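As a starting point, one isolated chain is supplied in structure tokens, in the form solved without ligand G3H.
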């Protein structure tokens, strides 16, 4: 199930078997945010500095941090010594002119190099449509096998992130996609839980768009609480691997309500990958007010944000040590 070194790495990424990972491997996305508050093009120096500030100030309150090798290596070196490190292995984005969204590793990186850079885990993002072109998915499955094999050889945990989509639906925030999301998410988890892919932890979406669930919905309601709850139980039944939720797309408050709903429904999720919901406010402050201002924001609102999340995690998350 786990080797000695994989186990020690998992322990370093976790606290009492729960993963509270701070996500900051954003690259193009972060540049765009920064680009909001200044005229000049955001610089390499600024991106590297902001990542270092967030890492330095908030990793004492996180079990681990996810960074990118492109801008995040300086930040990784100033993380809390008690915090583990995950490094992203994939190139960002996808070709919007096609529907295949094929995976591609960073050109001058390898699992070995990620380990050599001091990571306790390899993170890789895969876009997957279970109902998509079968040859496309065969290529995707082959690619993940390679990465899973690399990680076994280098004896470093493999964190596979799955973002689902539909080749025929442009907007994943649409009601049309919400109706099939549980299917997309849970069936993908079933595929990638197979031993052949070498995954140690799955980083996945919640199997429902909570914005369409009764009580959580501001607008149209597509699902009852009981229907949403069943999707979470179906997800829990879709894998025996540790899995953690990504907070991408929703507010901090909604994500936290979702963790509660997940736990109450019977999901035994083992933590979260949360980023933007925690450090977003530091970006404008850093750009408009500079480095020191960001530190004080991070020591105050930043701590409050991640502290609130941790308190929610305490009463909702299950330790991965109960899956081993």
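Positions refer to the first chain, counted from 1.
A second form of this protein, the form solved in complex with ligand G3H, is not displayed here; the remarks below concern that form.
Ligand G3H in the bound PDB entry is not approached by residue 37, whose heavy atoms all lie more than 4.5 angstroms from it. Although the partner is absent here, residue 299 is not a contact residue: none of its heavy atoms lies within 4.5 angstroms of ligand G3H in the bound PDB entry. Under a 4.5 angstroms non-hydrogen atom cutoff, ligand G3H in the bound PDB entry has residue 28 among its neighbouring residues. Although the partner is absent here, residue 137 sits far enough away that none of its heavy atoms falls within 4.5 Å of ligand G3H in the bound PDB entry. Just one of 224, 92, 149, 174 comes within 4.5 Å of ligand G3H in the bound PDB entry, counting any heavy atom, and that one is 92. None of 19-27, 299-307, 312-320, 5-13 except one has non-hydrogen atoms within 4.5 angstroms of ligand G3H in the bound PDB entry; the exception is 19-27.
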